[PDB]
file target_12.pdb (PDB, C-alpha atoms and all ligand atoms)
ATOM      1  CA  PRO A   1      41.613-115.622   7.055  1.00  0.00           C
ATOM      2  CA  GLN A   2      42.743-112.443   8.766  1.00  0.00           C
ATOM      3  CA  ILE A   3      46.150-110.809   8.404  1.00  0.00           C
ATOM      4  CA  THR A   4      47.285-108.083  10.808  1.00  0.00           C
ATOM      5  CA  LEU A   5      49.842-105.441   9.829  1.00  0.00           C
ATOM      6  CA  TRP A   6      52.434-105.280  12.639  1.00  0.00           C
ATOM      7  CA  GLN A   7      54.770-106.982  10.178  1.00  0.00           C
ATOM      8  CA  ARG A   8      54.768-106.858   6.375  1.00  0.00           C
ATOM      9  CA  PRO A   9      51.896-108.995   5.003  1.00  0.00           C
ATOM     10  CA  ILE A  10      54.138-111.330   3.041  1.00  0.00           C
ATOM     11  CA  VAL A  11      52.722-114.414   1.352  1.00  0.00           C
ATOM     12  CA  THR A  12      54.126-117.254  -0.662  1.00  0.00           C
ATOM     13  CA  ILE A  13      53.305-117.132  -4.377  1.00  0.00           C
ATOM     14  CA  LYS A  14      53.823-119.727  -7.097  1.00  0.00           C
ATOM     15  CA  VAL A  15      54.360-118.204 -10.539  1.00  0.00           C
ATOM     16  CA  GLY A  16      56.135-119.590 -13.593  1.00  0.00           C
ATOM     17  CA  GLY A  17      56.806-122.773 -11.658  1.00  0.00           C
ATOM     18  CA  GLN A  18      58.723-120.792  -9.043  1.00  0.00           C
ATOM     19  CA  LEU A  19      58.053-120.443  -5.313  1.00  0.00           C
ATOM     20  CA  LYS A  20      58.550-116.834  -4.211  1.00  0.00           C
ATOM     21  CA  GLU A  21      57.515-114.394  -1.490  1.00  0.00           C
ATOM     22  CA  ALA A  22      55.594-111.199  -2.200  1.00  0.00           C
ATOM     23  CA  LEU A  23      54.099-108.200  -0.372  1.00  0.00           C
ATOM     24  CA  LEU A  24      50.289-107.830  -0.197  1.00  0.00           C
ATOM     25  CA  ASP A  25      50.145-104.219  -1.315  1.00  0.00           C
ATOM     26  CA  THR A  26      46.861-102.301  -1.244  1.00  0.00           C
ATOM     27  CA  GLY A  27      48.738 -99.194  -2.399  1.00  0.00           C
ATOM     28  CA  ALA A  28      49.600-100.933  -5.664  1.00  0.00           C
ATOM     29  CA  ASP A  29      47.100-100.984  -8.525  1.00  0.00           C
ATOM     30  CA  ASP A  30      49.256-103.524 -10.322  1.00  0.00           C
ATOM     31  CA  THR A  31      51.234-106.603  -9.423  1.00  0.00           C
ATOM     32  CA  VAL A  32      54.976-106.102  -9.954  1.00  0.00           C
ATOM     33  CA  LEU A  33      57.495-108.924  -9.796  1.00  0.00           C
ATOM     34  CA  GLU A  34      61.294-108.819  -9.846  1.00  0.00           C
ATOM     35  CA  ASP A  35      62.868-110.020 -13.101  1.00  0.00           C
ATOM     36  CA  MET A  36      61.997-113.582 -14.075  1.00  0.00           C
ATOM     37  CA  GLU A  37      61.013-115.640 -17.042  1.00  0.00           C
ATOM     38  CA  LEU A  38      57.348-115.766 -17.939  1.00  0.00           C
ATOM     39  CA  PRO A  39      55.774-117.307 -21.054  1.00  0.00           C
ATOM     40  CA  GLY A  40      54.190-115.537 -24.002  1.00  0.00           C
ATOM     41  CA  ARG A  41      54.635-112.044 -25.356  1.00  0.00           C
ATOM     42  CA  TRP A  42      55.021-108.896 -23.290  1.00  0.00           C
ATOM     43  CA  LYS A  43      54.044-105.309 -23.918  1.00  0.00           C
ATOM     44  CA  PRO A  44      55.656-102.081 -22.643  1.00  0.00           C
ATOM     45  CA  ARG A  45      54.186-100.410 -19.588  1.00  0.00           C
ATOM     46  CA  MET A  46      55.312 -97.405 -17.556  1.00  0.00           C
ATOM     47  CA  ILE A  47      54.469 -97.279 -13.847  1.00  0.00           C
ATOM     48  CA  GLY A  48      54.898 -94.441 -11.401  1.00  0.00           C
ATOM     49  CA  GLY A  49      56.263 -95.387  -8.024  1.00  0.00           C
ATOM     50  CA  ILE A  50      57.444 -93.269  -5.148  1.00  0.00           C
ATOM     51  CA  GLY A  51      60.812 -92.713  -6.863  1.00  0.00           C
ATOM     52  CA  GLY A  52      59.409 -91.858 -10.287  1.00  0.00           C
ATOM     53  CA  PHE A  53      58.496 -93.732 -13.469  1.00  0.00           C
ATOM     54  CA  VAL A  54      59.838 -97.145 -14.534  1.00  0.00           C
ATOM     55  CA  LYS A  55      59.578 -99.178 -17.757  1.00  0.00           C
ATOM     56  CA  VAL A  56      58.375-102.664 -16.936  1.00  0.00           C
ATOM     57  CA  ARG A  57      57.324-105.733 -18.912  1.00  0.00           C
ATOM     58  CA  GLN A  58      53.582-106.355 -19.035  1.00  0.00           C
ATOM     59  CA  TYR A  59      52.537-110.013 -19.256  1.00  0.00           C
ATOM     60  CA  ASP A  60      48.808-110.683 -19.424  1.00  0.00           C
ATOM     61  CA  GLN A  61      46.788-113.721 -18.345  1.00  0.00           C
ATOM     62  CA  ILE A  62      49.480-115.203 -16.080  1.00  0.00           C
ATOM     63  CA  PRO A  63      48.486-118.017 -13.647  1.00  0.00           C
ATOM     64  CA  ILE A  64      49.658-117.448 -10.049  1.00  0.00           C
ATOM     65  CA  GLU A  65      48.988-119.554  -6.960  1.00  0.00           C
ATOM     66  CA  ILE A  66      48.535-117.272  -3.924  1.00  0.00           C
ATOM     67  CA  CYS A  67      47.322-118.219  -0.434  1.00  0.00           C
ATOM     68  CA  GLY A  68      45.999-121.521  -1.749  1.00  0.00           C
ATOM     69  CA  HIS A  69      44.115-119.916  -4.642  1.00  0.00           C
ATOM     70  CA  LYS A  70      44.802-119.757  -8.362  1.00  0.00           C
ATOM     71  CA  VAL A  71      44.465-116.292  -9.826  1.00  0.00           C
ATOM     72  CA  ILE A  72      45.089-115.367 -13.477  1.00  0.00           C
ATOM     73  CA  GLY A  73      45.940-111.897 -14.663  1.00  0.00           C
ATOM     74  CA  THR A  74      48.366-109.157 -15.509  1.00  0.00           C
ATOM     75  CA  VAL A  75      51.823-109.397 -14.010  1.00  0.00           C
ATOM     76  CA  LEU A  76      54.297-106.568 -14.517  1.00  0.00           C
ATOM     77  CA  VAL A  77      57.990-107.541 -14.477  1.00  0.00           C
ATOM     78  CA  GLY A  78      60.661-104.986 -13.690  1.00  0.00           C
ATOM     79  CA  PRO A  79      63.152-103.606 -11.206  1.00  0.00           C
ATOM     80  CA  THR A  80      61.305-103.411  -7.905  1.00  0.00           C
ATOM     81  CA  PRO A  81      62.637-103.472  -4.298  1.00  0.00           C
ATOM     82  CA  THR A  82      60.291-106.434  -3.680  1.00  0.00           C
ATOM     83  CA  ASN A  83      57.630-108.541  -5.354  1.00  0.00           C
ATOM     84  CA  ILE A  84      54.296-106.820  -4.824  1.00  0.00           C
ATOM     85  CA  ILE A  85      50.840-108.244  -5.273  1.00  0.00           C
ATOM     86  CA  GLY A  86      48.650-105.320  -6.243  1.00  0.00           C
ATOM     87  CA  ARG A  87      44.906-104.773  -6.176  1.00  0.00           C
ATOM     88  CA  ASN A  88      44.405-106.447  -9.568  1.00  0.00           C
ATOM     89  CA  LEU A  89      45.198-109.819  -7.981  1.00  0.00           C
ATOM     90  CA  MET A  90      44.121-109.125  -4.385  1.00  0.00           C
ATOM     91  CA  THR A  91      40.590-108.523  -5.699  1.00  0.00           C
ATOM     92  CA  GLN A  92      40.707-111.917  -7.442  1.00  0.00           C
ATOM     93  CA  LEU A  93      41.362-113.279  -3.954  1.00  0.00           C
ATOM     94  CA  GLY A  94      38.487-111.359  -2.377  1.00  0.00           C
ATOM     95  CA  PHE A  95      40.744-109.295  -0.123  1.00  0.00           C
ATOM     96  CA  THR A  96      39.251-106.390   1.785  1.00  0.00           C
ATOM     97  CA  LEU A  97      40.519-103.983   4.418  1.00  0.00           C
ATOM     98  CA  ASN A  98      38.628-104.131   7.722  1.00  0.00           C
ATOM     99  CA  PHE A  99      38.472-102.164  10.897  1.00  0.00           C
TER     100      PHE A  99
ATOM    101  CA  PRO B   1      33.679-101.175   8.341  1.00  0.00           C
ATOM    102  CA  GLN B   2      34.935-103.110   5.342  1.00  0.00           C
ATOM    103  CA  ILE B   3      36.796-101.355   2.523  1.00  0.00           C
ATOM    104  CA  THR B   4      36.788-102.841  -0.989  1.00  0.00           C
ATOM    105  CA  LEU B   5      39.908-103.072  -3.136  1.00  0.00           C
ATOM    106  CA  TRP B   6      38.132-102.775  -6.485  1.00  0.00           C
ATOM    107  CA  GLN B   7      39.243 -99.127  -6.178  1.00  0.00           C
ATOM    108  CA  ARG B   8      42.197 -97.514  -4.405  1.00  0.00           C
ATOM    109  CA  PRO B   9      41.339 -97.477  -0.665  1.00  0.00           C
ATOM    110  CA  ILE B  10      41.492 -93.724  -0.099  1.00  0.00           C
ATOM    111  CA  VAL B  11      40.340 -92.161   3.171  1.00  0.00           C
ATOM    112  CA  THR B  12      40.219 -88.703   4.703  1.00  0.00           C
ATOM    113  CA  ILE B  13      42.797 -87.867   7.319  1.00  0.00           C
ATOM    114  CA  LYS B  14      43.337 -84.866   9.558  1.00  0.00           C
ATOM    115  CA  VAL B  15      46.970 -83.974  10.200  1.00  0.00           C
ATOM    116  CA  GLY B  16      48.805 -80.729  11.027  1.00  0.00           C
ATOM    117  CA  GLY B  17      45.485 -78.895  11.178  1.00  0.00           C
ATOM    118  CA  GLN B  18      44.865 -79.975   7.572  1.00  0.00           C
ATOM    119  CA  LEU B  19      42.325 -82.330   5.908  1.00  0.00           C
ATOM    120  CA  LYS B  20      43.762 -84.554   3.203  1.00  0.00           C
ATOM    121  CA  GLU B  21      43.072 -87.723   1.225  1.00  0.00           C
ATOM    122  CA  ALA B  22      45.427 -90.668   1.699  1.00  0.00           C
ATOM    123  CA  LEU B  23      45.993 -94.149   0.366  1.00  0.00           C
ATOM    124  CA  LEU B  24      45.648 -97.035   2.805  1.00  0.00           C
ATOM    125  CA  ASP B  25      48.815 -98.865   1.919  1.00  0.00           C
ATOM    126  CA  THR B  26      49.634-102.259   3.413  1.00  0.00           C
ATOM    127  CA  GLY B  27      52.729-102.174   1.172  1.00  0.00           C
ATOM    128  CA  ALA B  28      54.066 -99.099   2.944  1.00  0.00           C
ATOM    129  CA  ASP B  29      56.069 -99.649   6.158  1.00  0.00           C
ATOM    130  CA  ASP B  30      55.636 -96.035   7.157  1.00  0.00           C
ATOM    131  CA  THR B  31      53.265 -93.194   6.485  1.00  0.00           C
ATOM    132  CA  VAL B  32      54.582 -90.723   3.969  1.00  0.00           C
ATOM    133  CA  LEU B  33      52.771 -87.504   3.082  1.00  0.00           C
ATOM    134  CA  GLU B  34      53.351 -84.927   0.360  1.00  0.00           C
ATOM    135  CA  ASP B  35      55.623 -82.070   1.419  1.00  0.00           C
ATOM    136  CA  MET B  36      54.149 -79.965   4.184  1.00  0.00           C
ATOM    137  CA  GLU B  37      55.285 -78.548   7.488  1.00  0.00           C
ATOM    138  CA  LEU B  38      54.893 -80.399  10.783  1.00  0.00           C
ATOM    139  CA  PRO B  39      55.787 -79.202  14.280  1.00  0.00           C
ATOM    140  CA  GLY B  40      58.783 -80.442  16.197  1.00  0.00           C
ATOM    141  CA  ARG B  41      62.165 -81.894  15.345  1.00  0.00           C
ATOM    142  CA  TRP B  42      62.705 -84.071  12.291  1.00  0.00           C
ATOM    143  CA  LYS B  43      65.461 -86.253  10.862  1.00  0.00           C
ATOM    144  CA  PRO B  44      66.331 -86.715   7.152  1.00  0.00           C
ATOM    145  CA  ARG B  45      65.705 -90.150   5.663  1.00  0.00           C
ATOM    146  CA  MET B  46      65.645 -91.964   2.311  1.00  0.00           C
ATOM    147  CA  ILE B  47      62.847 -94.346   1.375  1.00  0.00           C
ATOM    148  CA  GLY B  48      63.063 -96.646  -1.608  1.00  0.00           C
ATOM    149  CA  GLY B  49      60.376 -97.904  -3.922  1.00  0.00           C
ATOM    150  CA  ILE B  50      59.474 -98.588  -7.514  1.00  0.00           C
ATOM    151  CA  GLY B  51      61.110 -95.545  -9.058  1.00  0.00           C
ATOM    152  CA  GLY B  52      64.092 -95.417  -6.696  1.00  0.00           C
ATOM    153  CA  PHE B  53      64.621 -93.343  -3.535  1.00  0.00           C
ATOM    154  CA  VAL B  54      63.211 -90.063  -2.288  1.00  0.00           C
ATOM    155  CA  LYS B  55      64.572 -87.893   0.486  1.00  0.00           C
ATOM    156  CA  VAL B  56      61.997 -87.245   3.218  1.00  0.00           C
ATOM    157  CA  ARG B  57      61.856 -85.657   6.670  1.00  0.00           C
ATOM    158  CA  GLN B  58      60.884 -87.905   9.563  1.00  0.00           C
ATOM    159  CA  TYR B  59      58.661 -86.444  12.312  1.00  0.00           C
ATOM    160  CA  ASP B  60      57.953 -88.724  15.268  1.00  0.00           C
ATOM    161  CA  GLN B  61      54.879 -88.842  17.539  1.00  0.00           C
ATOM    162  CA  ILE B  62      52.617 -86.960  15.133  1.00  0.00           C
ATOM    163  CA  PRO B  63      48.884 -87.058  15.965  1.00  0.00           C
ATOM    164  CA  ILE B  64      46.695 -88.051  12.965  1.00  0.00           C
ATOM    165  CA  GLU B  65      42.947 -88.571  12.636  1.00  0.00           C
ATOM    166  CA  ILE B  66      42.182 -91.383  10.178  1.00  0.00           C
ATOM    167  CA  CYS B  67      38.616 -92.635   9.594  1.00  0.00           C
ATOM    168  CA  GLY B  68      37.445 -90.556  12.549  1.00  0.00           C
ATOM    169  CA  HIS B  69      39.984 -92.191  14.831  1.00  0.00           C
ATOM    170  CA  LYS B  70      42.906 -90.437  16.477  1.00  0.00           C
ATOM    171  CA  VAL B  71      46.275 -92.206  16.287  1.00  0.00           C
ATOM    172  CA  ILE B  72      49.900 -91.268  16.739  1.00  0.00           C
ATOM    173  CA  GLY B  73      53.139 -92.332  15.131  1.00  0.00           C
ATOM    174  CA  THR B  74      55.883 -91.483  12.688  1.00  0.00           C
ATOM    175  CA  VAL B  75      55.050 -89.417   9.620  1.00  0.00           C
ATOM    176  CA  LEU B  76      57.551 -89.064   6.766  1.00  0.00           C
ATOM    177  CA  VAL B  77      57.158 -85.891   4.694  1.00  0.00           C
ATOM    178  CA  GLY B  78      58.572 -85.416   1.192  1.00  0.00           C
ATOM    179  CA  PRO B  79      58.123 -85.562  -2.616  1.00  0.00           C
ATOM    180  CA  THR B  80      55.857 -88.611  -2.785  1.00  0.00           C
ATOM    181  CA  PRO B  81      53.370 -88.511  -5.683  1.00  0.00           C
ATOM    182  CA  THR B  82      50.502 -89.234  -3.278  1.00  0.00           C
ATOM    183  CA  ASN B  83      49.711 -89.364   0.448  1.00  0.00           C
ATOM    184  CA  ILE B  84      50.239 -92.839   1.860  1.00  0.00           C
ATOM    185  CA  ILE B  85      49.053 -94.179   5.192  1.00  0.00           C
ATOM    186  CA  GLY B  86      51.507 -96.959   6.101  1.00  0.00           C
ATOM    187  CA  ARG B  87      51.301 -99.983   8.390  1.00  0.00           C
ATOM    188  CA  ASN B  88      52.664 -98.013  11.340  1.00  0.00           C
ATOM    189  CA  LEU B  89      49.404 -96.081  11.600  1.00  0.00           C
ATOM    190  CA  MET B  90      46.999 -98.666  10.197  1.00  0.00           C
ATOM    191  CA  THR B  91      47.821-101.022  13.058  1.00  0.00           C
ATOM    192  CA  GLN B  92      46.681 -98.424  15.576  1.00  0.00           C
ATOM    193  CA  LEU B  93      43.156 -98.536  14.088  1.00  0.00           C
ATOM    194  CA  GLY B  94      43.185-102.339  14.223  1.00  0.00           C
ATOM    195  CA  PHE B  95      43.249-102.604  10.436  1.00  0.00           C
ATOM    196  CA  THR B  96      43.448-106.129   9.007  1.00  0.00           C
ATOM    197  CA  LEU B  97      43.534-107.734   5.566  1.00  0.00           C
ATOM    198  CA  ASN B  98      40.775-110.327   5.215  1.00  0.00           C
ATOM    199  CA  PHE B  99      39.877-112.852   2.577  1.00  0.00           C
TER     200      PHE B  99
HETATM  201  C1  LIG A 101      57.184-100.739  -3.440  1.00  0.00           C
HETATM  202  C2  LIG A 101      56.671-100.993  -2.029  1.00  0.00           C
HETATM  203  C3  LIG A 101      57.507-102.043  -1.309  1.00  0.00           C
HETATM  204  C4  LIG A 101      56.706 -99.689  -1.235  1.00  0.00           C
HETATM  205  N1  LIG A 101      55.870 -98.664  -1.872  1.00  0.00           N
HETATM  206  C5  LIG A 101      54.478 -98.779  -1.383  1.00  0.00           C
HETATM  207  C6  LIG A 101      53.529 -99.086  -2.540  1.00  0.00           C
HETATM  208  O1  LIG A 101      52.207 -99.244  -2.010  1.00  0.00           O
HETATM  209  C7  LIG A 101      53.552 -97.953  -3.563  1.00  0.00           C
HETATM  210  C8  LIG A 101      52.737 -96.753  -3.064  1.00  0.00           C
HETATM  211  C9  LIG A 101      52.572 -95.700  -4.133  1.00  0.00           C
HETATM  212  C10 LIG A 101      51.307 -95.430  -4.622  1.00  0.00           C
HETATM  213  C11 LIG A 101      51.147 -94.453  -5.602  1.00  0.00           C
HETATM  214  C12 LIG A 101      52.247 -93.748  -6.092  1.00  0.00           C
HETATM  215  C13 LIG A 101      53.526 -94.018  -5.593  1.00  0.00           C
HETATM  216  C14 LIG A 101      53.677 -95.001  -4.613  1.00  0.00           C
HETATM  217  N2  LIG A 101      52.810 -98.391  -4.722  1.00  0.00           N
HETATM  218  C15 LIG A 101      53.388 -98.584  -5.902  1.00  0.00           C
HETATM  219  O2  LIG A 101      54.583 -98.457  -6.099  1.00  0.00           O
HETATM  220  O3  LIG A 101      52.490 -98.994  -6.964  1.00  0.00           O
HETATM  221  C16 LIG A 101      52.929 -98.997  -8.311  1.00  0.00           C
HETATM  222  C17 LIG A 101      52.572-100.395  -8.817  1.00  0.00           C
HETATM  223  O4  LIG A 101      51.176-100.333  -9.163  1.00  0.00           O
HETATM  224  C18 LIG A 101      50.826 -98.969  -9.476  1.00  0.00           C
HETATM  225  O5  LIG A 101      49.723 -98.551  -8.650  1.00  0.00           O
HETATM  226  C19 LIG A 101      50.065 -97.404  -7.853  1.00  0.00           C
HETATM  227  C20 LIG A 101      51.435 -96.913  -8.339  1.00  0.00           C
HETATM  228  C21 LIG A 101      52.019 -98.090  -9.112  1.00  0.00           C
HETATM  229  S1  LIG A 101      56.478 -97.172  -1.583  1.00  0.00           S
HETATM  230  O6  LIG A 101      55.537 -96.173  -1.994  1.00  0.00           O
HETATM  231  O7  LIG A 101      57.644 -97.048  -2.429  1.00  0.00           O
HETATM  232  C22 LIG A 101      56.830 -96.894  -0.020  1.00  0.00           C
HETATM  233  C23 LIG A 101      58.013 -97.338   0.587  1.00  0.00           C
HETATM  234  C24 LIG A 101      58.286 -97.088   1.921  1.00  0.00           C
HETATM  235  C25 LIG A 101      57.369 -96.356   2.672  1.00  0.00           C
HETATM  236  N3  LIG A 101      57.612 -96.078   3.975  1.00  0.00           N
HETATM  237  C26 LIG A 101      56.203 -95.877   2.092  1.00  0.00           C
HETATM  238  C27 LIG A 101      55.940 -96.160   0.756  1.00  0.00           C
END

call {"tool": "encode", "arguments": {"input": "target_12.pdb", "output": "structure tokens"}}
result
Amino acid sequence: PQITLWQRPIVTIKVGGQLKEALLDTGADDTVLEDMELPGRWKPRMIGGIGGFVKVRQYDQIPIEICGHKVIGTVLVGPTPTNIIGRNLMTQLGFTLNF
Amino acid sequence: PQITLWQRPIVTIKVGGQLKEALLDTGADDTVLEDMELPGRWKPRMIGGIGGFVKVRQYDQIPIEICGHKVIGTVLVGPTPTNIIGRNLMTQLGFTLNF
């Protein structure tokens, strides 16, 4: 499908048995979700956003359902203005930018 | 053209007489560039993201060349860690996300 950008490109995700909304974010290398419970162990990760650097929780190999597709990969959990699906998972979906 | 997301989608822009590299950012509502001077009036603004908020100056109706194409719109200028082309300008090039 094709998604224009007059409004935020928000999609429904299913992660950790929870239905949420998230921003398709080509400016994000990594996927960052607001605080939630995920299984398994996490490791520390520091990410640099527009406001500076933040400690987040890195969970690896996490199943997420996005746009009718299952992806599996690294999900960072931490204080973010909004859930963001970064390039690590958008590539799993085969997203490209087109003009 | 079609731009991959395996790497950050960076493109060359021309703005304020100056050539720069910028991140195509579907996750960014507005275009924000690293501190520079732009002609005309501006209004102070705060934008929030991963690390918190940054204070920027908002210039309206600023001409920018992106991917060889001339567009106009709002440009926020401030202490962002990188130049970001937001949705407000990407729409004007008919940019879409496709999968
Ligand atoms: C958090 C989003 C809702 C908004 N951010 C846009 C987003 O694309 C930023 C854009 C961005 C890009 C680089 C540096 C700072 C901000 N990326 C980002 O925070 O990514 C972090 C998560 O993965 C990592 O990969 C890149 C940085 C890390 S934002 O930069 O804060 C932002 C907010 C408002 C406007 N107008 C413009 C930009």

call {"tool": "residues_near_ligand", "arguments": {"input": "target_12.pdb", "ligand": "ligand LIG 101 (chain A)", "cutoff": "6 Å", "atoms": "only C-alpha atoms and all ligand atoms", "output": "ChimeraX atom specification"}}
result
/A:25,27-30,47-50,82 /B:25,27-32,47-50,81-82

call {"tool": "closest_atom_pairs", "arguments": {"input": "target_12.pdb", "of": "chain A", "to": "chain B", "cutoff": "10 Å", "atoms": "only C-alpha atoms", "output": "tab-separated table"}}
result
residue	atom	partner	partner_atom	distance
A:1	CA	B:99	CA	5.5
A:2	CA	B:98	CA	4.6
A:3	CA	B:97	CA	4.9
A:4	CA	B:96	CA	4.7
A:5	CA	B:87	CA	5.8
A:6	CA	B:91	CA	6.3
A:7	CA	B:87	CA	8.0
A:8	CA	B:27	CA	7.3
A:9	CA	B:26	CA	7.3
A:10	CA	B:27	CA	9.5
A:23	CA	B:27	CA	6.4
A:24	CA	B:27	CA	6.3
A:25	CA	B:27	CA	4.1
A:26	CA	B:25	CA	5.1
A:27	CA	B:25	CA	4.3
A:28	CA	B:27	CA	7.6
A:29	CA	B:8	CA	7.3
A:32	CA	B:50	CA	9.1
A:47	CA	B:50	CA	8.2
A:48	CA	B:51	CA	6.7
A:49	CA	B:50	CA	4.6
A:50	CA	B:80	CA	5.5
A:51	CA	B:51	CA	3.6
A:52	CA	B:51	CA	4.2
A:53	CA	B:51	CA	5.4
A:54	CA	B:51	CA	5.8
A:55	CA	B:51	CA	9.6
A:67	CA	B:99	CA	9.7
A:78	CA	B:50	CA	9.0
A:79	CA	B:50	CA	7.2
A:80	CA	B:50	CA	5.2
A:81	CA	B:49	CA	6.0
A:82	CA	B:49	CA	8.5
A:84	CA	B:27	CA	7.7
A:85	CA	B:27	CA	9.1
A:86	CA	B:27	CA	9.0
A:87	CA	B:5	CA	6.1
A:88	CA	B:6	CA	7.9
A:89	CA	B:5	CA	9.8
A:90	CA	B:5	CA	7.5
A:91	CA	B:5	CA	6.1
A:92	CA	B:6	CA	9.5
A:93	CA	B:99	CA	6.7
A:94	CA	B:99	CA	5.4
A:95	CA	B:99	CA	4.5
A:96	CA	B:4	CA	5.1
A:97	CA	B:3	CA	4.9
A:98	CA	B:2	CA	4.5
A:99	CA	B:95	CA	4.8

call {"tool": "calpha_fit_and_write", "arguments": {"input": "target_12.pdb", "fixed": "chain A", "moving": "chain B", "output": "short mmCIF file (atom, residue, chain, number, x, y, z; two decimals) with C-alpha atoms, in the coordinates of the input"}}
result
data_model
loop_
_atom_site.label_atom_id
_atom_site.label_comp_id
_atom_site.auth_asym_id
_atom_site.auth_seq_id
_atom_site.Cartn_x
_atom_site.Cartn_y
_atom_site.Cartn_z
CA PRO B 1 42.08 -115.80 7.49
CA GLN B 2 42.98 -112.40 8.88
CA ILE B 3 46.39 -110.85 8.24
CA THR B 4 47.83 -108.29 10.67
CA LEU B 5 49.51 -105.09 9.53
CA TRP B 6 51.89 -104.79 12.48
CA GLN B 7 54.35 -106.36 10.01
CA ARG B 8 54.55 -106.24 6.21
CA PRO B 9 51.85 -108.63 4.90
CA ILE B 10 54.10 -111.00 2.97
CA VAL B 11 52.77 -114.25 1.50
CA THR B 12 54.10 -117.09 -0.61
CA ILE B 13 53.12 -117.17 -4.24
CA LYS B 14 53.70 -119.66 -7.03
CA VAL B 15 54.27 -118.13 -10.46
CA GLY B 16 56.16 -119.24 -13.59
CA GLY B 17 56.98 -122.55 -11.91
CA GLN B 18 58.70 -120.57 -9.14
CA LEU B 19 57.95 -120.04 -5.41
CA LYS B 20 58.45 -116.50 -4.18
CA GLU B 21 57.55 -114.13 -1.35
CA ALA B 22 55.40 -111.10 -2.17
CA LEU B 23 53.96 -108.05 -0.49
CA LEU B 24 50.18 -107.76 -0.32
CA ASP B 25 49.86 -104.20 -1.50
CA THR B 26 46.52 -102.40 -1.51
CA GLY B 27 48.49 -99.36 -2.71
CA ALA B 28 49.54 -101.15 -5.89
CA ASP B 29 47.11 -101.08 -8.84
CA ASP B 30 48.89 -103.96 -10.50
CA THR B 31 51.10 -106.84 -9.52
CA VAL B 32 54.75 -106.22 -10.21
CA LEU B 33 57.44 -108.85 -9.69
CA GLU B 34 61.22 -108.67 -9.76
CA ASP B 35 62.73 -109.38 -13.18
CA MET B 36 62.09 -112.91 -14.36
CA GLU B 37 60.88 -114.60 -17.51
CA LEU B 38 57.22 -115.36 -18.17
CA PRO B 39 55.69 -117.17 -21.15
CA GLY B 40 53.79 -115.42 -23.89
CA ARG B 41 53.74 -111.96 -25.40
CA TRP B 42 54.43 -108.86 -23.34
CA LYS B 43 54.20 -105.10 -23.78
CA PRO B 44 56.58 -102.46 -22.32
CA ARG B 45 55.16 -100.14 -19.69
CA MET B 46 56.24 -97.49 -17.16
CA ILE B 47 54.93 -97.46 -13.61
CA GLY B 48 55.44 -94.53 -11.29
CA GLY B 49 55.90 -94.42 -7.55
CA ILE B 50 57.85 -92.87 -4.73
CA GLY B 51 61.25 -92.85 -6.40
CA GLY B 52 60.00 -92.12 -9.92
CA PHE B 53 59.28 -94.52 -12.80
CA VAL B 54 60.55 -97.97 -13.72
CA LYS B 55 60.27 -99.69 -17.06
CA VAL B 56 58.52 -103.07 -16.81
CA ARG B 57 57.18 -105.76 -19.14
CA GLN B 58 53.46 -106.48 -19.00
CA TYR B 59 52.31 -110.11 -19.35
CA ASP B 60 48.55 -110.66 -19.42
CA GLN B 61 46.54 -113.69 -18.24
CA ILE B 62 49.31 -115.10 -16.05
CA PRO B 63 48.25 -117.87 -13.64
CA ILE B 64 49.43 -117.26 -10.03
CA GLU B 65 48.90 -119.23 -6.83
CA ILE B 66 48.57 -116.89 -3.84
CA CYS B 67 47.72 -118.20 -0.35
CA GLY B 68 46.97 -121.61 -1.84
CA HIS B 69 44.49 -120.10 -4.27
CA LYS B 70 44.88 -120.02 -8.04
CA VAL B 71 44.13 -116.71 -9.75
CA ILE B 72 44.86 -115.12 -13.10
CA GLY B 73 45.60 -111.61 -14.26
CA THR B 74 48.21 -109.14 -15.41
CA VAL B 75 51.73 -109.41 -14.02
CA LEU B 76 54.26 -106.61 -14.57
CA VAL B 77 57.90 -107.72 -14.48
CA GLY B 78 60.86 -105.39 -13.92
CA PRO B 79 63.39 -103.75 -11.55
CA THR B 80 61.13 -103.36 -8.52
CA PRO B 81 62.97 -103.63 -5.18
CA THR B 82 60.46 -106.24 -3.98
CA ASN B 83 57.66 -108.48 -5.27
CA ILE B 84 54.28 -106.78 -4.99
CA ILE B 85 50.87 -108.38 -5.28
CA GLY B 86 48.54 -105.59 -6.47
CA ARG B 87 44.79 -105.06 -6.28
CA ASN B 88 44.24 -106.76 -9.63
CA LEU B 89 45.06 -110.13 -8.10
CA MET B 90 43.97 -109.50 -4.51
CA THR B 91 40.39 -108.97 -5.66
CA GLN B 92 40.32 -112.45 -7.17
CA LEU B 93 40.91 -113.96 -3.70
CA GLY B 94 38.15 -111.78 -2.24
CA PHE B 95 40.64 -109.75 -0.22
CA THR B 96 39.19 -106.86 1.80
CA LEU B 97 40.50 -104.20 4.18
CA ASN B 98 38.63 -104.31 7.49
CA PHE B 99 38.63 -102.14 10.56
#

call {"tool": "residues_near_point", "arguments": {"input": "target_12.pdb", "point": "(51.0, -90.1, 17.7)", "cutoff": "6 Å", "atoms": "all atoms listed in the file", "output": "PyMOL selection string"}}
result
chain B and resi 61-63+71-73

call {"tool": "residues_around", "arguments": {"input": "target_12.pdb", "residues": "residue 17 (chain A)", "least_positions_apart": "2", "cutoff": "12 Å", "atoms": "all atoms listed in the file", "output": "ChimeraX atom specification"}}
result
/A:13-15,19-20,36-39,62-65
